[PDB]
Amino acid sequence: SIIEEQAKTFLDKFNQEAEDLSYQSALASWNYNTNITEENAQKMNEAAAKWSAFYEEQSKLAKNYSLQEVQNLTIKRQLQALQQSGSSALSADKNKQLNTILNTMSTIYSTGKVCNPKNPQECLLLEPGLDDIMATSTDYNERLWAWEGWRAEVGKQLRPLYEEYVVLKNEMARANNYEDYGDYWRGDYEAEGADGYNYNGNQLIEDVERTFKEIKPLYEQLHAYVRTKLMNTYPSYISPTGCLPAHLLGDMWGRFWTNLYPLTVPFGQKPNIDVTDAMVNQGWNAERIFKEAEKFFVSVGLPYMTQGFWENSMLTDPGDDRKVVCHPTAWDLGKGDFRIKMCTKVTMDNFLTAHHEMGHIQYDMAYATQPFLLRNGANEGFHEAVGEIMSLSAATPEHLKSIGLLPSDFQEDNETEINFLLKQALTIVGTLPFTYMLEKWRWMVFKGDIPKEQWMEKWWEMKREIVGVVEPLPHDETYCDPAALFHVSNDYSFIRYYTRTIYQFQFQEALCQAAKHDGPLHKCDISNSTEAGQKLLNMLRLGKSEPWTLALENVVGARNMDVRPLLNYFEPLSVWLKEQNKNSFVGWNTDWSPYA
Amino acid sequence: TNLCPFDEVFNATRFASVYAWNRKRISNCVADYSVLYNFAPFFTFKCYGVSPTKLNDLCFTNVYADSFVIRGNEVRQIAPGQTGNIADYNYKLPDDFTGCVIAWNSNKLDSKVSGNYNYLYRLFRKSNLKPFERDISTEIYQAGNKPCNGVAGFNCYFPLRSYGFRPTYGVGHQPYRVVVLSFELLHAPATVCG
Ligand SMILES: *[C@@H]1O[C@H](CO)[C@@H](O[C@@H]2O[C@H](CO)[C@@H](O)[C@H](O)[C@H]2NC(C)=O)[C@H](O)[C@H]1NC(C)=O
Ligand SMILES: *[C@@H]1O[C@H](CO)[C@@H](O)[C@H](O)[C@H]1NC(C)=O
Ligand SMILES: *[C@@H]1O[C@H](CO)[C@@H](O)[C@H](O)[C@H]1NC(C)=O
Ligand SMILES: [Zn+2]
């Protein structure tokens with residue numbers, strides 16, 4: 001127990017000097033993102049460099065302590081967080097080679113262009129361009145050439161860079177007692193504590209498979225309905241039994257199916273609820289939206305908002321010679337300073353993004369009393385679930401008419417409920433197979449089960465085996481289709497989106513049961529409920545102090561992920577889809593391609 | 001009449017650090033405890049042993065005033081029977097205290113942009129504080145078995161750290177000015193009254 005005291009004394013000093021450095025860096029970064037100018041960028045760079053150097057030196061120094069000789073788990077977690085800095089455990093030349101590979105690969109992703117086969121002088125980008133074509137157009141050939149182009153002038157250039165990048169990442173990973181650059185990412189899902197609370201990275205691959213196997217039938221029903229509906233538009237290209245072509249999914253990669261709504265409306269003779277004219281005619285401004293959000297949060301027992309929040313935050317576009325980045329973000333500058341940057345307009349979507357970007361500040365404010373290397377979420381996918389349960393609650397017709405935006409005699413029909421549920425499904429349940437497949441393929445390619453020769457034949461067969469999507473043109477071993485995505489070519493993990501979509505519905509069901517609500521779960525509002533707020537606050541007080549198993553048990557009474565709330569949320573949609581899919585084939589086969 | 005110098009303690013232009021707190025004695029000095037009021041921003045005024053209302057009739061031998069500046073979330077440590085960083089190494093009160101404390105916010109006077117590094121506090125010490133004493137030492141703290149020779153390094157630390165007060169900080173991080181009053185009755189005649 002002689003090393004425990006030394007570790008505590010070292011950690012106290014580290015905490016005191018990291019607080020100041022982190023605050024200075026955050027303040028500089030905030031000042032840049034509101035007053036874009038060269039000297040602000042220079043100040044931001046100087047502020048970030050000092051913090052990075054200090055962190056590296058402190059981790060190298062903290063390597064001198066043994067985790068086996070520390071018995072208190074609270075300081076042991078801090079030591080593990082500090083010593084885990086195996087991104088610089090490489091020679092200098094290898095590190096600079098990795099950095100230049102990343103920079104050039106991102107540059108090719110950002111700069112790439114495609115050109116019209118019939119209009120050679122017209123060439124388009126991705127953001128102001130091809131995205132609009134894939135989100136709006138209906139012509140088969142137009143989408144076909146856009147898809148094939150982008151693939152040809154992205155993968156052809158990013159293939160060898162990715163090939164040389166994988167081995168360097170594996171070498172980096174095999175220096176922190178990891179066998180690949182897989183479980184290195186799966187290590188965020190690690191817990192230690194009492195019996196029954198432990199969790200390693202090899203249990204994730206089994207839980208994910210069990211979850212997907214339970215999820216599949218609803219996805220099959222939705223896929224069959226979409227396929228049978230997406231034939232009046234292309235009545236010469238869709239096979240009743242086969243898969244769906246990749247260039248007809250309303251998105252460039254098929255990540256989301258939300259742009260297929262106008263072609264897949266159950267009842268197109270009646271619109272959805274949109275309180276935008278009412279807010280304009282009632283005289284609503286940007287400050288009123290945030291006041292309403294604060295009132296909703298305090299109705300459940302959560303605290304108020306700080307005095308500095310109302311004075312240091314940019315809630316509207318300045319509208320002068322001051323260019324800003326327009327993207328909603330909640331910020332934690334540190335030392336009790338919370339701000340929100342958002343361009344606010346009088347629309348429903350802003351009204352929901354407000355309630356999502358304050359459930360991040362209420363979590364941040366919740367764990368402000370914990371030590372420095374414990375002030376975060378629990379499982380990488382816990383901070384975006386607490387932000388999407390508030391938007392779910394504050395979008396219900398009952399909540400909308402309780403604040404004066406719907407008439408007091410408003411009656412909800414049953415067709416609009418089906419429309420809302422199908423629109424939700426096109427975004428939530430239609431992306432899980434994509435995420436699962438991409439993670440499975442990339443885990444396999446890092447492990448070494450897929451060599452370079454079978455690099456692309458495995459991808460396009462898991463596509464038609466799991467997702468149910470078939471390519472329109474054959475692809476040789478020179479293309480790199482996965483690299484034509486932002487997350488694969490910029491080193492971002494792609495597993496938090498699956499876990500967040502699983503956790504959010506468990507949280508919602510637990511809170512709704514705590515609030516004593518009767519009826520369908522999609523019509524649940526947690527307003528004016530102190531018990532639900534108390535339970536949620538009991539969960540949000542910890543951060544990384546305890547294993548995420550305890551954090552999850554503190555709300556749902558379960559130790560691991562579950563699927564039943566998600567399936568319960570989509571029950572009327574499921575029964576409606578089963579009734580509709582009565583004289584049609586539900587599944588798909590893998591022996592059809594629109595080029596044979 | 002004679003009044004008594006509480007205006008040079010409460011309205012001083014500069015306060016002391018926590019580990020070097022000032023201590024002032026009150027002489028044959030008729031003093032009133034109502035001038036202290038009318039200063040609205042008293043975020044804390046609570047008294048132990050004596051009642052604030054009937055403090056204008058008791059007479060004492062001498063009165064001690066101690067002034068320092070600490071953080072907002074540390075005021076609760078200035079109380080008998082309290083454990084914390086401030087009341088283990090910087091300022092300690094006995095369990096038999098017979099005075100009371102005054103605290104108020106001083107954000108406008110003590111916080112500046114780019115930081116105010118003129119206020120210090122003790123962070124490392126061997127033993128506890130033995131109520132009502134100060135320590136002003138810059139000796140290097142030794143944590144490991146290897147002796148330190150006046151140089152900071154591994155397991156050898158400098159025991160004084162600075163506050164970084166800025167006007168943007170939260171409510172629990174602005175500076176707070178603290179004045180503590182102590183009343184004692186000795187064998188000498190009681191010379192301070194209201
Ligand atoms: C939450 O509770 C508050 C007060 O307990 C409700 O506010 C009142 O709602 C009634 C409707 O029954 C109105 O007649 C009052 O004028 C409201 N008072 C105030 C001060 O707003 C609020 O409607 C409840 N919210 C929900 C969703 O039930
Ligand atoms: C933006 O920066 C310039 C110089 O960097 C400064 O003069 C100006 O006051 C800043 N804007 C605001 C709103 O402070
Ligand atoms: C860690 O190794 C020894 C003690 O184990 C220590 O002297 C050395 O300075 C430490 N390494 C670094 C880089 O500080
Ligand atoms: Zn968010």
# chains A, B, ... in the order shown; residues from 1 in each chain; ligands from 1
call {"tool": "residues_around", "arguments": {"residues": "segment 387-390 of chain A", "least_positions_apart": "4", "cutoff": "7 Å", "atoms": "only C-alpha atoms", "output": "short mmCIF file (atom, residue, chain, number, x, y, z; two decimals) with N, CA, C and O atoms, in the first residue's frame"}}
result
data_model
loop_
_atom_site.label_atom_id
_atom_site.label_comp_id
_atom_site.auth_asym_id
_atom_site.auth_seq_id
_atom_site.Cartn_x
_atom_site.Cartn_y
_atom_site.Cartn_z
N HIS A 355 -33.83 20.77 -27.31
CA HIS A 355 -34.08 19.81 -26.20
C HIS A 355 -33.06 18.67 -26.24
O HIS A 355 -32.94 17.98 -25.24
N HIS A 356 -32.34 18.49 -27.35
CA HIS A 356 -31.29 17.45 -27.47
C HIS A 356 -29.95 18.01 -27.02
O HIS A 356 -29.15 17.24 -26.48
N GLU A 357 -29.72 19.31 -27.22
CA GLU A 357 -28.38 19.88 -26.92
C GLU A 357 -28.36 20.43 -25.50
O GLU A 357 -27.36 21.05 -25.14
N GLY A 359 -29.77 18.21 -23.00
CA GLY A 359 -29.66 16.94 -22.27
C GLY A 359 -28.22 16.51 -22.24
O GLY A 359 -27.90 15.53 -21.55
N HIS A 360 -27.37 17.23 -22.96
CA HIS A 360 -25.92 16.98 -22.94
C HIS A 360 -25.34 17.87 -21.85
O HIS A 360 -24.43 17.42 -21.15
N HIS A 383 -24.02 9.13 -24.07
CA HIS A 383 -24.26 10.59 -24.11
C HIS A 383 -25.24 10.95 -25.22
O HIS A 383 -25.85 12.02 -25.12
N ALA A 394 -40.51 15.41 -26.07
CA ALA A 394 -41.05 16.72 -26.43
C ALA A 394 -41.41 16.81 -27.91
O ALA A 394 -41.04 17.76 -28.60
N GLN A 504 -31.33 3.67 -26.05
CA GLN A 504 -32.29 4.76 -25.91
C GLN A 504 -33.68 4.24 -25.56
O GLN A 504 -34.38 4.82 -24.73
N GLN A 508 -36.03 4.87 -22.32
CA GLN A 508 -37.37 5.43 -22.46
C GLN A 508 -38.41 4.55 -21.79
O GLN A 508 -39.31 5.05 -21.11
#
call {"tool": "residues_around", "arguments": {"residues": "residue 159 of chain B", "least_positions_apart": "2", "cutoff": "8 Å", "atoms": "only C-alpha atoms", "output": "JSON, numbers by chain"}}
result
{"B": [122, 123, 124, 125, 138, 139, 140, 141, 157, 161]}
call {"tool": "write_last_selection", "arguments": {"atoms": "N, CA, C and O atoms", "output": "tab-separated table (two decimals), in the first residue's frame"}}
result
chain	number	residue	atom	x	y	z
B	122	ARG	N	-1.89	25.76	0.19
B	122	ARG	CA	-1.11	24.57	0.47
B	122	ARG	C	-1.82	23.32	-0.04
B	122	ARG	O	-3.04	23.19	0.09
B	123	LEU	N	-1.06	22.41	-0.63
B	123	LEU	CA	-1.61	21.18	-1.19
B	123	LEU	C	-1.03	19.92	-0.58
B	123	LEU	O	-1.75	18.94	-0.41
B	124	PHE	N	0.26	19.92	-0.23
B	124	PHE	CA	0.91	18.75	0.35
B	124	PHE	C	1.49	19.10	1.72
B	124	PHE	O	2.15	20.13	1.87
B	125	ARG	N	1.25	18.23	2.70
B	125	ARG	CA	1.80	18.39	4.04
B	125	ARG	C	1.84	17.02	4.70
B	125	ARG	O	1.08	16.12	4.34
B	138	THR	N	8.71	26.71	2.15
B	138	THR	CA	8.85	26.33	0.75
B	138	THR	C	9.70	25.08	0.58
B	138	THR	O	10.23	24.84	-0.51
B	139	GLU	N	9.86	24.29	1.64
B	139	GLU	CA	10.62	23.06	1.55
B	139	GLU	C	9.91	22.06	0.64
B	139	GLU	O	8.68	22.02	0.55
B	140	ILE	N	10.71	21.24	-0.05
B	140	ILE	CA	10.19	20.30	-1.04
B	140	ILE	C	9.55	19.12	-0.32
B	140	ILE	O	10.16	18.52	0.57
B	141	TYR	N	8.33	18.78	-0.71
B	141	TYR	CA	7.63	17.63	-0.14
B	141	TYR	C	8.24	16.34	-0.68
B	141	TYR	O	8.43	16.19	-1.89
B	157	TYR	N	7.87	17.24	-4.69
B	157	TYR	CA	6.93	18.24	-5.17
B	157	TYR	C	7.08	19.55	-4.42
B	157	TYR	O	7.52	19.58	-3.26
B	161	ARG	N	0.41	25.81	-4.54
B	161	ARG	CA	-0.25	25.92	-5.83
B	161	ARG	C	-1.08	27.20	-5.88
B	161	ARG	O	-1.53	27.70	-4.85
call {"tool": "residues_near_ligand", "arguments": {"ligand": "ligand 3", "cutoff": "6 Å", "atoms": "only C-alpha atoms and all ligand atoms", "output": "PDB file with N, CA and C atoms, in the first residue's frame"}}
result
ATOM      1  N   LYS A  60       3.756   9.471 -19.953  1.00  0.00           N
ATOM      2  CA  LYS A  60       5.047   8.793 -19.915  1.00  0.00           C
ATOM      3  C   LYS A  60       5.570   8.696 -18.487  1.00  0.00           C
ATOM      4  N   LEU A  61       5.375   9.749 -17.690  1.00  0.00           N
ATOM      5  CA  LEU A  61       5.816   9.712 -16.298  1.00  0.00           C
ATOM      6  C   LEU A  61       4.971   8.753 -15.468  1.00  0.00           C
ATOM      7  N   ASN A  64       5.404   4.742 -14.666  1.00  0.00           N
ATOM      8  CA  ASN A  64       6.225   4.199 -13.582  1.00  0.00           C
ATOM      9  C   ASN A  64       5.428   3.568 -12.445  1.00  0.00           C
TER      10      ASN A  64
END
call {"tool": "closest_atom_pairs", "arguments": {"of": "chain A", "to": "chain B", "cutoff": "6 Å", "atoms": "only C-alpha atoms", "output": "Markdown table"}}
result
| residue | atom | partner | partner_atom | distance |
| --- | --- | --- | --- | --- |
| A:335 | CA | B:169 | CA | 6.0 |
| A:336 | CA | B:170 | CA | 4.3 |
| A:337 | CA | B:170 | CA | 5.6 |
call {"tool": "closest_residue", "arguments": {"among": "B:71, B:177, B:112, B:92", "to": "residue 135 of chain B", "atoms": "only C-alpha atoms"}}
result
B:92
call {"tool": "residues_around", "arguments": {"residues": "residue 54 of chain B", "least_positions_apart": "2", "cutoff": "12 Å", "atoms": "only C-alpha atoms", "output": "list in words"}}
result
residues 32, 33, 34, 47, 49, 50, 51, 52, 56, 57, 58, 59, 193 and 194 of chain B
